[PDB]
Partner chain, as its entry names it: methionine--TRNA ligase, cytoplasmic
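The chain below stands alone, shown as structure tokens; this is the form solved without the partner chain.
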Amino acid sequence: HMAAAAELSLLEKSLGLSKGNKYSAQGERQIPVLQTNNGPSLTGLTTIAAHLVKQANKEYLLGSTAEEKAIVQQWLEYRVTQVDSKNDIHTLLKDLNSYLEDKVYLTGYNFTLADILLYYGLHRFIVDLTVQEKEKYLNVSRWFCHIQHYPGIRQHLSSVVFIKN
């Protein structure tokens, strides 16, 4: 539904990068590829992304502590595997809801690239969700509403409505 190269152009501006790179794609999985200005070609969504995070000089997006960085890769793997999701997205939503009951962010208390990425990858789903389901997945709703209104993140992505209380 949203190509990973389209995702990376969107991330560049999320981060606040002014420069915008040409991105390729390779094969039928259509993996994103960067003919790079610092080594051999970069490949995959989360690798390029890590790079851009670094280009932006915002390293604290991949975690500070060893243990937050392990959490950050955990949600990065999760995004490439379970999110890029056909028959049942509910099972994911249920799980994430429980994970998110005691957490503002996907890393414990901090904003990381996990939040941005998991948000973009879930966006097409949470859009197609009913008013009833958003109640059922309360913590997901909260976290998402939070990420949409995080500074600079949403860009031109659709706003999902979330009855305030």
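Numbering follows the first chain given and starts at 1.
What comes next is about the form solved in complex with the partner chain, which is not displayed.
Engineer: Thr46, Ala50 and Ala70: each with a heavy atom within 4.5 Å of the partner chain in the deposited complex?
Structural biologist: Every listed residue reaches the partner chain in the deposited complex, so yes.
Engineer: Answer with yes or no whether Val127 is in contact with the partner chain in the deposited complex, where contact means some heavy atom within 4.5 Å.
Structural biologist: Answer no; every heavy atom of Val127 is more than 4.5 Å from the partner chain in the deposited complex.
Engineer: Could you tell me if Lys54 has a non-hydrogen atom within 4.5 Å of the partner chain in the deposited complex?
Structural biologist: Yes, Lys54 is a contact residue.
Engineer: Taking heavy atoms and a 4.5 Å cut-off, does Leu42 contact the partner chain in the deposited complex?
Structural biologist: Heavy-atom contact with the partner chain at 4.5 Å: present for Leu42.
Engineer: In the deposited complex, does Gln35 come within 4.5 Å of the partner chain, counting heavy atoms only?
Structural biologist: Close contact is absent here: in the deposited complex, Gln35 is far from the partner chain, nothing within 4.5 Å, heavy atoms only.
Engineer: Taking the partner chain in the deposited complex, which residues along 70-106 bring a heavy atom to within 4.5 Å of it?
Structural biologist: Those in contact are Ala70, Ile71, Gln73, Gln74, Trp75, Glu77, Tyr78, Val80, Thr81, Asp88, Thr91, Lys94, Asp95, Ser98, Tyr99, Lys103.
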